[PDB]
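Presented below, as structure tokens, is a lone chain in the form solved without its partner chain.
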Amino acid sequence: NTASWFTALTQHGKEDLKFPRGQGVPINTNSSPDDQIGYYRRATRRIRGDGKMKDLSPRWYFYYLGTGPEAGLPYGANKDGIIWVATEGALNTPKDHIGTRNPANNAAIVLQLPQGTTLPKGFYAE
């Protein structure tokens, strides 16, 4: 059982998450500038108040390049539910030394975006 190192973004709108070029990577003080590159993956949630199934707001979780459920996807690969982000000067190499989080040992880092970042309409952290 693995997990993102960070908490999620919640989507309230109808369109997929998308950051402008050069933003989107959560702050992690234990990472280096080389490490600042990854993807957000959508997690869908469904529940049962009597209209059978109700789709809740999707959530989007960040994973460093080369880790997570899509560890094998190269940066920029087109896949539904996957969107790519990177900071200027980050290296296009797998971040196996960071890997993913095991919740039995570490709670998620509160997701925080760098000063001046623009979240698209409808998206909120926590």
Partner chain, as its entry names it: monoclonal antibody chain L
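Residues that one form lacks are left out of the comparison. Basically, rigid core = biggest C-alpha set you can superpose within 1.5 Å across the two forms. Residue numbers count along the first chain shown, from 1.
Notebook entry, point to check: Which class fits the unmodelled deposited stretch between residue 48 and residue 49: none, 1 to 3, 4 to 9, or 10 or more?
Noted result: The entry has a short gap there, with 1 to 3 residues left out between residue 48 and residue 49.
Note to self: If you average the CA temperature factors as listed in the entry, which stretch comes out higher, 52-60 or 89-97?
What the structure shows: In the deposited entry, the stretch with the higher C-alpha B-factor mean is 52-60.
Item checked: Higher-scoring stretch by recorded Cα B factor average, 26-34 or 63-71 -> Here the higher of the two C-alpha B-factor means belongs to 26-34.
Margin query: If I read the C-alpha B-factors straight from the PDB entry, which of 110, 17, 9, 107 is highest?
Written below: Out of 110, 17, 9, 107, the record gives the largest C-alpha B-factor to 17.
One more form of this protein, deposited with its partner chain bound, exists but is not displayed; see below.
Check: Does any residue in 101-115 get within 4.5 Å of its partner chain in the entry with it bound, counting heavy atoms only, and if so which ones?
Finding: Read in sequence order, the residues that approach its partner chain (within 4.5 Å, in the entry with it bound) are 110, 111, 112, 113, 114, 115.
Notebook entry, point to check: Taking the rigid core as reference, does residue 117 move its C-alpha 2 Å or further between the shown form and the other one?
Noted result: It does shift by 2 Å or more.
Margin query: Residues present in both forms only, core superposed, 2 Å C-alpha shift required: which runs of three or more differ between the shown form and the other one?
Written below: Moving stretch: 117-124 alone.
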